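Asks: Provided herewith: entry_36.txt, compact mmCIF, N, CA and C atoms.
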```txt
# COMPACT_ATOMS: atom_id res chain seq x y z
N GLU E 196 171.13 137.65 105.82
CA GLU E 196 170.94 136.81 106.99
C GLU E 196 170.90 135.33 106.61
N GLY E 197 171.67 134.52 107.34
CA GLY E 197 171.74 133.09 107.09
C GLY E 197 172.41 132.72 105.79
N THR E 198 172.81 131.46 105.67
CA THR E 198 173.46 130.98 104.45
C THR E 198 172.42 130.58 103.42
N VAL E 199 172.60 131.05 102.18
CA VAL E 199 171.69 130.77 101.09
C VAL E 199 172.26 129.63 100.25
N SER E 200 171.37 128.83 99.68
CA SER E 200 171.76 127.68 98.87
C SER E 200 170.72 127.45 97.79
N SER E 201 170.92 126.40 97.00
CA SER E 201 169.95 125.97 96.00
C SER E 201 169.71 124.48 96.15
N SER E 202 168.62 124.00 95.55
CA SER E 202 168.27 122.59 95.59
C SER E 202 168.72 121.83 94.35
N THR E 203 169.60 122.43 93.54
CA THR E 203 170.17 121.74 92.39
C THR E 203 171.55 121.17 92.70
N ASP E 204 172.20 121.65 93.75
CA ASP E 204 173.53 121.19 94.15
C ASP E 204 173.52 119.70 94.50
N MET J 28 165.53 147.22 92.19
CA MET J 28 165.53 148.59 91.69
C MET J 28 164.56 148.74 90.52
N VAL J 29 164.01 147.62 90.07
CA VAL J 29 163.07 147.59 88.96
C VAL J 29 161.65 147.34 89.45
N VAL J 30 161.42 146.22 90.13
CA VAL J 30 160.09 145.88 90.62
C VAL J 30 160.22 145.09 91.92
N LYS J 31 159.49 145.51 92.94
CA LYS J 31 159.48 144.85 94.24
C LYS J 31 158.04 144.45 94.55
N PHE J 32 157.84 143.17 94.86
CA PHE J 32 156.50 142.66 95.13
C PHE J 32 156.61 141.60 96.22
N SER J 33 155.45 141.09 96.65
CA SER J 33 155.39 140.14 97.74
C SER J 33 154.35 139.07 97.42
N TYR J 34 154.38 138.00 98.21
CA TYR J 34 153.39 136.93 98.11
C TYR J 34 153.30 136.22 99.45
N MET J 35 152.07 136.00 99.92
CA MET J 35 151.82 135.30 101.17
C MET J 35 151.31 133.89 100.87
N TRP J 36 151.97 132.90 101.45
CA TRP J 36 151.60 131.50 101.28
C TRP J 36 151.12 130.95 102.62
N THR J 37 149.87 130.51 102.66
CA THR J 37 149.29 129.88 103.84
C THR J 37 149.15 128.39 103.54
N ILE J 38 149.85 127.57 104.33
CA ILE J 38 149.84 126.13 104.15
C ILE J 38 148.94 125.54 105.23
N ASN J 39 147.76 125.09 104.83
CA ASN J 39 146.77 124.61 105.79
C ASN J 39 147.09 123.18 106.20
N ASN J 40 146.77 122.86 107.45
CA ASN J 40 146.97 121.51 107.99
C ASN J 40 148.44 121.10 107.86
N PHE J 41 149.31 121.90 108.46
CA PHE J 41 150.74 121.64 108.38
C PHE J 41 151.09 120.33 109.08
N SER J 42 150.74 120.21 110.36
CA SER J 42 151.00 118.97 111.07
C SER J 42 150.02 117.87 110.68
N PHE J 43 148.77 118.24 110.38
CA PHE J 43 147.75 117.24 110.08
C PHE J 43 148.03 116.51 108.77
N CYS J 44 148.54 117.21 107.77
CA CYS J 44 148.85 116.61 106.48
C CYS J 44 150.35 116.47 106.26
N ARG J 45 151.12 116.36 107.35
CA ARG J 45 152.57 116.22 107.21
C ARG J 45 152.91 115.00 106.37
N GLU J 46 152.15 113.91 106.53
CA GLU J 46 152.38 112.72 105.72
C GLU J 46 151.96 112.95 104.27
N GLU J 47 150.99 113.84 104.04
CA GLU J 47 150.50 114.07 102.69
C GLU J 47 151.31 115.12 101.95
N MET J 48 152.17 115.85 102.65
CA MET J 48 153.04 116.81 101.98
C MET J 48 154.06 116.09 101.12
N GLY J 49 154.78 115.14 101.71
CA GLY J 49 155.81 114.44 100.99
C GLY J 49 157.16 115.10 101.14
N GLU J 50 158.03 114.89 100.15
CA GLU J 50 159.37 115.47 100.21
C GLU J 50 159.32 116.97 99.96
N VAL J 51 158.71 117.39 98.85
CA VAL J 51 158.59 118.80 98.51
C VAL J 51 157.16 119.09 98.08
N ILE J 52 156.68 120.28 98.43
CA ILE J 52 155.42 120.82 97.93
C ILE J 52 155.68 122.23 97.42
N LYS J 53 155.00 122.62 96.35
CA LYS J 53 155.18 123.93 95.76
C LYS J 53 153.86 124.70 95.79
N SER J 54 153.96 126.00 96.02
CA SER J 54 152.81 126.88 96.08
C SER J 54 152.27 127.15 94.68
N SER J 55 151.19 127.91 94.62
CA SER J 55 150.65 128.36 93.34
C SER J 55 151.58 129.39 92.72
N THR J 56 151.51 129.51 91.40
CA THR J 56 152.33 130.48 90.68
C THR J 56 151.86 131.89 90.99
N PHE J 57 152.81 132.77 91.29
CA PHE J 57 152.51 134.14 91.66
C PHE J 57 153.43 135.08 90.90
N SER J 58 152.90 136.26 90.58
CA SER J 58 153.64 137.30 89.88
C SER J 58 152.85 138.60 89.97
N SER J 59 153.56 139.71 90.13
CA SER J 59 152.94 141.02 90.11
C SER J 59 153.37 141.73 88.83
N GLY J 60 152.53 142.64 88.36
CA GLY J 60 152.73 143.21 87.05
C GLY J 60 152.61 142.10 86.03
N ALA J 61 151.49 141.36 86.11
CA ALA J 61 151.32 140.12 85.35
C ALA J 61 151.56 140.32 83.86
N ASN J 62 150.93 141.34 83.27
CA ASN J 62 151.09 141.57 81.84
C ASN J 62 152.51 141.96 81.47
N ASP J 63 153.24 142.60 82.39
CA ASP J 63 154.63 142.97 82.15
C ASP J 63 155.62 141.89 82.57
N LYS J 64 155.36 141.20 83.67
CA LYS J 64 156.34 140.38 84.36
C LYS J 64 156.13 138.89 84.11
N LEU J 65 156.88 138.07 84.86
CA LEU J 65 156.97 136.64 84.64
C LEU J 65 156.65 135.87 85.92
N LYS J 66 156.22 134.62 85.72
CA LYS J 66 155.68 133.80 86.80
C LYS J 66 156.76 133.28 87.75
N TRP J 67 156.46 133.33 89.05
CA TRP J 67 157.32 132.81 90.11
C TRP J 67 156.59 131.68 90.85
N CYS J 68 157.26 131.12 91.85
CA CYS J 68 156.71 130.01 92.63
C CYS J 68 157.54 129.83 93.89
N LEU J 69 156.95 129.15 94.88
CA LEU J 69 157.60 128.90 96.16
C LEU J 69 157.60 127.41 96.45
N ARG J 70 158.78 126.88 96.79
CA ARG J 70 158.96 125.46 97.09
C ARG J 70 159.43 125.30 98.53
N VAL J 71 158.87 124.33 99.24
CA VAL J 71 159.22 124.08 100.64
C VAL J 71 159.36 122.58 100.86
N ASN J 72 160.41 122.20 101.59
CA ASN J 72 160.59 120.83 102.04
C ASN J 72 160.26 120.77 103.52
N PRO J 73 159.20 120.08 103.94
CA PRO J 73 158.89 120.03 105.38
C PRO J 73 160.03 119.44 106.18
N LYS J 74 160.60 118.34 105.71
CA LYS J 74 161.81 117.76 106.26
C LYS J 74 162.94 118.07 105.30
N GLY J 75 164.13 118.33 105.84
CA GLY J 75 165.27 118.61 104.98
C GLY J 75 165.59 117.46 104.05
N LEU J 76 166.33 117.78 103.00
CA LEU J 76 166.68 116.78 102.00
C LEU J 76 167.85 115.91 102.46
N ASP J 77 168.76 116.45 103.26
CA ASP J 77 169.98 115.76 103.65
C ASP J 77 170.09 115.75 105.17
N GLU J 78 171.12 115.07 105.67
CA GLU J 78 171.31 114.96 107.12
C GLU J 78 171.65 116.29 107.77
N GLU J 79 172.24 117.22 107.02
CA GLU J 79 172.57 118.52 107.60
C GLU J 79 171.32 119.30 107.98
N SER J 80 170.26 119.20 107.17
CA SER J 80 169.04 119.96 107.41
C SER J 80 167.85 119.06 107.73
N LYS J 81 168.09 117.83 108.18
CA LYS J 81 166.99 116.91 108.43
C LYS J 81 166.08 117.41 109.55
N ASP J 82 166.60 118.22 110.46
CA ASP J 82 165.81 118.81 111.53
C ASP J 82 165.32 120.21 111.18
N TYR J 83 165.42 120.61 109.92
CA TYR J 83 165.04 121.95 109.49
C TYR J 83 164.04 121.87 108.35
N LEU J 84 163.32 122.97 108.16
CA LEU J 84 162.39 123.14 107.06
C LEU J 84 163.04 124.04 106.01
N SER J 85 163.22 123.51 104.81
CA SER J 85 163.88 124.25 103.74
C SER J 85 162.85 124.96 102.87
N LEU J 86 163.17 126.20 102.48
CA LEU J 86 162.27 127.03 101.69
C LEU J 86 163.06 127.65 100.54
N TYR J 87 162.49 127.60 99.34
CA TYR J 87 163.18 128.05 98.14
C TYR J 87 162.23 128.85 97.26
N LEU J 88 162.79 129.76 96.47
CA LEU J 88 162.06 130.52 95.47
C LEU J 88 162.56 130.14 94.09
N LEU J 89 161.64 129.73 93.21
CA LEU J 89 162.01 129.21 91.90
C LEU J 89 161.27 129.97 90.81
N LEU J 90 161.95 130.14 89.67
CA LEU J 90 161.38 130.79 88.50
C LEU J 90 160.69 129.74 87.63
N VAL J 91 159.44 130.01 87.26
CA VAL J 91 158.63 129.04 86.53
C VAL J 91 158.64 129.37 85.04
N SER J 92 158.23 130.58 84.69
CA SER J 92 158.08 130.94 83.28
C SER J 92 159.42 131.33 82.69
N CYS J 93 159.64 130.93 81.45
CA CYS J 93 160.91 131.20 80.78
C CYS J 93 161.09 132.69 80.53
N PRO J 94 162.09 133.33 81.13
CA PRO J 94 162.30 134.76 80.90
C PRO J 94 162.98 135.02 79.56
N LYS J 95 162.91 136.28 79.13
CA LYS J 95 163.58 136.66 77.89
C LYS J 95 165.09 136.65 78.05
N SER J 96 165.59 136.92 79.26
CA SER J 96 167.02 136.94 79.53
C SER J 96 167.23 136.49 80.97
N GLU J 97 168.47 136.58 81.44
CA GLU J 97 168.77 136.23 82.82
C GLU J 97 168.09 137.20 83.77
N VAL J 98 167.55 136.67 84.86
CA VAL J 98 166.85 137.45 85.87
C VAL J 98 167.66 137.42 87.16
N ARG J 99 167.90 138.59 87.73
CA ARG J 99 168.60 138.72 89.01
C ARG J 99 167.67 139.42 89.99
N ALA J 100 167.53 138.84 91.18
CA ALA J 100 166.57 139.36 92.15
C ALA J 100 166.99 138.94 93.55
N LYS J 101 166.67 139.79 94.52
CA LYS J 101 166.79 139.45 95.93
C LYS J 101 165.46 138.94 96.45
N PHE J 102 165.52 138.24 97.58
CA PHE J 102 164.33 137.67 98.19
C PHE J 102 164.45 137.74 99.70
N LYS J 103 163.30 137.81 100.37
CA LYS J 103 163.23 137.87 101.82
C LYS J 103 162.09 136.98 102.29
N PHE J 104 162.43 135.96 103.07
CA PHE J 104 161.46 135.01 103.60
C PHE J 104 161.22 135.29 105.07
N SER J 105 159.95 135.24 105.47
CA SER J 105 159.58 135.42 106.86
C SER J 105 158.34 134.58 107.14
N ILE J 106 158.05 134.40 108.42
CA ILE J 106 156.91 133.60 108.87
C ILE J 106 155.96 134.51 109.63
N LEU J 107 154.71 134.55 109.19
CA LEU J 107 153.70 135.36 109.85
C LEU J 107 153.14 134.61 111.06
N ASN J 108 153.09 135.29 112.20
CA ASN J 108 152.67 134.67 113.44
C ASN J 108 151.15 134.79 113.59
N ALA J 109 150.64 134.44 114.77
CA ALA J 109 149.21 134.53 115.03
C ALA J 109 148.69 135.94 114.81
N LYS J 110 149.49 136.95 115.14
CA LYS J 110 149.09 138.35 115.00
C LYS J 110 149.48 138.96 113.66
N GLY J 111 149.87 138.13 112.69
CA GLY J 111 150.19 138.62 111.36
C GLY J 111 151.46 139.44 111.25
N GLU J 112 152.41 139.25 112.15
CA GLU J 112 153.67 139.98 112.12
C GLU J 112 154.79 139.08 111.61
N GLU J 113 155.81 139.70 111.02
CA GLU J 113 156.93 138.95 110.47
C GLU J 113 157.83 138.43 111.59
N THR J 114 158.25 137.17 111.46
CA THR J 114 159.06 136.51 112.47
C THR J 114 160.06 135.59 111.77
N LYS J 115 161.25 135.47 112.36
CA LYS J 115 162.30 134.59 111.84
C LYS J 115 162.64 134.93 110.39
N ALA J 116 162.72 136.23 110.09
CA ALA J 116 162.98 136.67 108.73
C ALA J 116 164.38 136.26 108.30
N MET J 117 164.50 135.86 107.03
CA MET J 117 165.78 135.46 106.46
C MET J 117 165.84 135.96 105.02
N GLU J 118 166.79 136.84 104.73
CA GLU J 118 166.89 137.48 103.43
C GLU J 118 168.28 137.28 102.84
N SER J 119 168.33 137.09 101.52
CA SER J 119 169.61 137.02 100.83
C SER J 119 170.26 138.39 100.80
N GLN J 120 171.51 138.47 101.26
CA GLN J 120 172.19 139.76 101.35
C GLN J 120 172.44 140.37 99.97
N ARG J 121 172.60 139.53 98.95
CA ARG J 121 172.80 140.00 97.58
C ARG J 121 171.81 139.31 96.66
N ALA J 122 171.78 139.76 95.41
CA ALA J 122 170.90 139.17 94.41
C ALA J 122 171.54 137.93 93.79
N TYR J 123 170.70 137.11 93.15
CA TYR J 123 171.14 135.87 92.53
C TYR J 123 170.49 135.72 91.17
N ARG J 124 171.20 135.05 90.26
CA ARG J 124 170.73 134.88 88.90
C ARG J 124 169.69 133.77 88.82
N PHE J 125 168.63 134.02 88.06
CA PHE J 125 167.53 133.08 87.92
C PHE J 125 167.32 132.74 86.45
N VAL J 126 167.13 131.45 86.18
CA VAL J 126 166.71 130.95 84.88
C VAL J 126 165.49 130.06 85.11
N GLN J 127 164.86 129.66 84.01
CA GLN J 127 163.67 128.82 84.09
C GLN J 127 163.99 127.52 84.84
N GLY J 128 163.18 127.21 85.84
CA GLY J 128 163.37 126.02 86.64
C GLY J 128 164.52 126.05 87.62
N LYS J 129 165.05 127.23 87.92
CA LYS J 129 166.12 127.38 88.89
C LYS J 129 165.57 128.00 90.17
N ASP J 130 166.07 127.52 91.31
CA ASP J 130 165.59 127.97 92.61
C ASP J 130 166.75 128.39 93.49
N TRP J 131 166.45 129.26 94.45
CA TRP J 131 167.42 129.72 95.42
C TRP J 131 166.70 129.92 96.75
N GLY J 132 167.37 129.56 97.84
CA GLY J 132 166.77 129.68 99.15
C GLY J 132 167.68 129.24 100.28
N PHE J 133 167.09 128.83 101.40
CA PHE J 133 167.83 128.44 102.59
C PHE J 133 167.47 127.02 102.97
N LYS J 134 168.48 126.15 103.05
CA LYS J 134 168.23 124.78 103.49
C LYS J 134 167.85 124.75 104.96
N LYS J 135 168.60 125.48 105.80
CA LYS J 135 168.27 125.65 107.21
C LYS J 135 167.54 126.99 107.35
N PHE J 136 166.26 126.98 107.00
CA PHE J 136 165.47 128.21 107.09
C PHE J 136 164.91 128.42 108.49
N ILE J 137 164.31 127.38 109.06
CA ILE J 137 163.85 127.43 110.45
C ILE J 137 163.95 126.03 111.03
N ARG J 138 164.33 125.95 112.30
CA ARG J 138 164.39 124.66 112.97
C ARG J 138 162.98 124.09 113.08
N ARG J 139 162.82 122.85 112.63
CA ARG J 139 161.49 122.24 112.58
C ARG J 139 160.87 122.14 113.97
N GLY J 140 161.70 122.00 115.01
CA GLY J 140 161.17 121.95 116.36
C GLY J 140 160.71 123.31 116.85
N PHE J 141 161.45 124.37 116.51
CA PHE J 141 161.04 125.72 116.86
C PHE J 141 159.71 126.07 116.20
N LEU J 142 159.43 125.49 115.04
CA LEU J 142 158.18 125.78 114.34
C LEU J 142 156.99 125.15 115.06
N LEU J 143 157.15 123.91 115.51
CA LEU J 143 156.08 123.17 116.17
C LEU J 143 155.86 123.60 117.62
N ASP J 144 156.71 124.47 118.16
CA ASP J 144 156.56 124.90 119.54
C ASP J 144 155.31 125.76 119.70
N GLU J 145 154.46 125.38 120.66
CA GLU J 145 153.24 126.14 120.91
C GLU J 145 153.54 127.54 121.43
N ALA J 146 154.69 127.72 122.08
CA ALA J 146 155.02 129.03 122.65
C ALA J 146 155.30 130.06 121.56
N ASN J 147 155.89 129.64 120.44
CA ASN J 147 156.23 130.58 119.38
C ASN J 147 155.00 131.09 118.65
N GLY J 148 153.88 130.36 118.72
CA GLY J 148 152.66 130.81 118.07
C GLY J 148 152.76 130.92 116.57
N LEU J 149 153.58 130.08 115.94
CA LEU J 149 153.77 130.15 114.50
C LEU J 149 152.73 129.37 113.71
N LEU J 150 152.12 128.34 114.31
CA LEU J 150 151.10 127.57 113.61
C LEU J 150 149.73 127.73 114.27
N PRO J 151 148.98 128.78 113.96
CA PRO J 151 147.61 128.88 114.46
C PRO J 151 146.63 128.18 113.54
N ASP J 152 145.67 127.48 114.15
CA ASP J 152 144.72 126.63 113.41
C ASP J 152 145.44 125.64 112.51
N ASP J 153 146.64 125.21 112.93
CA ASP J 153 147.47 124.29 112.16
C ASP J 153 147.74 124.83 110.76
N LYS J 154 148.17 126.08 110.69
CA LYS J 154 148.42 126.76 109.42
C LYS J 154 149.75 127.48 109.49
N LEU J 155 150.67 127.12 108.61
CA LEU J 155 151.94 127.81 108.47
C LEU J 155 151.82 128.87 107.39
N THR J 156 151.96 130.14 107.78
CA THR J 156 151.82 131.25 106.85
C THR J 156 153.20 131.84 106.57
N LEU J 157 153.62 131.77 105.31
CA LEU J 157 154.92 132.26 104.88
C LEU J 157 154.73 133.53 104.06
N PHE J 158 155.74 134.41 104.11
CA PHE J 158 155.70 135.68 103.40
C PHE J 158 156.99 135.85 102.61
N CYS J 159 156.87 135.96 101.29
CA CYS J 159 158.01 136.14 100.41
C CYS J 159 158.00 137.56 99.85
N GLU J 160 159.18 138.16 99.72
CA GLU J 160 159.33 139.52 99.23
C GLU J 160 160.45 139.54 98.20
N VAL J 161 160.09 139.64 96.92
CA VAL J 161 161.05 139.60 95.82
C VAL J 161 161.34 141.03 95.37
N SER J 162 162.61 141.29 95.04
CA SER J 162 163.06 142.58 94.52
C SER J 162 163.86 142.31 93.25
N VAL J 163 163.20 142.38 92.10
CA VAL J 163 163.83 142.08 90.82
C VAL J 163 164.63 143.29 90.36
N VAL J 164 165.88 143.06 89.96
CA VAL J 164 166.74 144.11 89.42
C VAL J 164 167.08 143.76 87.98
N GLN J 165 167.01 144.76 87.11
CA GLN J 165 167.30 144.57 85.69
C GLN J 165 167.68 145.89 85.02
```
Taking this structure as input, can you express it in the form of structure tokens?
Replies:
Amino acid sequence: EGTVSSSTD
Amino acid sequence: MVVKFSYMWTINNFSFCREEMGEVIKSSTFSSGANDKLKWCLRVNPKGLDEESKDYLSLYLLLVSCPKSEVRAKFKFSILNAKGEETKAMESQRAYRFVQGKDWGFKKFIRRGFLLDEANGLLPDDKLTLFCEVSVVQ
């Protein structure tokens, strides 16, 4: 569910 | 398929200390099977980092302690309401690789306005209660 990301991008 | 555990994070004075939160705040280190397993942590941005998520609250799960090898795990984030039930759950459909100091999560986790709405009942006593569910595979 929903788009996953990271905070290093 | 190896170890599945959970952690509940209650953030007191969400609106009252909004200025004191800052850009990012991180929860206390949590881990189950402490003698066997490795330390985790939860990071949240009250306001988004960029213009795409500036109206959203971003939530991430980060690995703190250096593992012996690469760690792959799924995670499920939800918000506990006034009655302690899961709401607005958001889970990664697949697992992701974790190394020391690496985080994974959702930039648009919940709309910041939907959170502050009195009708949703998400902030009782000005407390945002989050629930994380990790499923480590190895």
Asks: Would you tabulate, counting all atoms listed in the file, all residues of chain E that have an atom at most 5 Å from an atom of chain J, showing the closest pair of atoms and their distance in Å to one decimal, sorted by chain then ascending number, as a Markdown table?
Replies:
```
| residue | atom | partner | partner_atom | distance |
| --- | --- | --- | --- | --- |
| E:196 | N | J:118 | C | 4.1 |
| E:199 | CA | J:132 | C | 4.4 |
| E:200 | N | J:132 | C | 3.8 |
| E:201 | CA | J:131 | CA | 4.6 |
```
Asks: Would you list the contacts of stretch 36-38 of chain J as a short mmCIF file (atom, residue, chain, number, x, y, z; two decimals) with N, CA and C atoms, in the frame of the given file, taking every protein, DNA or RNA residue within 6 Å and counting only C-alpha atoms, but skipping same-chain residues closer than 6 positions in sequence?
Replies:
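After the write, result_6.cif holds the following:
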```
data_model
loop_
_atom_site.label_atom_id
_atom_site.label_comp_id
_atom_site.auth_asym_id
_atom_site.auth_seq_id
_atom_site.Cartn_x
_atom_site.Cartn_y
_atom_site.Cartn_z
N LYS J 154 148.17 126.08 110.69
CA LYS J 154 148.42 126.76 109.42
C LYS J 154 149.75 127.48 109.49
N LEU J 155 150.67 127.12 108.61
CA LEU J 155 151.94 127.81 108.47
C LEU J 155 151.82 128.87 107.39
N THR J 156 151.96 130.14 107.78
CA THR J 156 151.82 131.25 106.85
C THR J 156 153.20 131.84 106.57
N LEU J 157 153.62 131.77 105.31
CA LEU J 157 154.92 132.26 104.88
C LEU J 157 154.73 133.53 104.06
#
```
Asks: Just the residues within 8 Å of residue J:122, please, counting all atoms listed in the file, with nothing from its chain fewer than 3 positions along; format it as a ChimeraX atom specification.
Replies: /J:98-102,119,125,162,164
Asks: Report, in Å to a single decimal, how far apart atom N of residue J:55 and atom CA of residue J:74 are.
Replies: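 One can read the atom CA of residue J:74 to atom N of residue J:55 distance as 18.7 Å.
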Asks: Just give me the gap between atom C of residue J:159 and atom CA of residue J:82 in Å, one decimal is fine.
Replies: 23.4 Å
Asks: If you measure from atom CA of residue J:96 to atom CA of residue J:54, what distance in Å do you get, rounded to one decimal?
Replies: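 For atom CA of residue J:96 relative to atom CA of residue J:54, the distance reads 24.0 Å.
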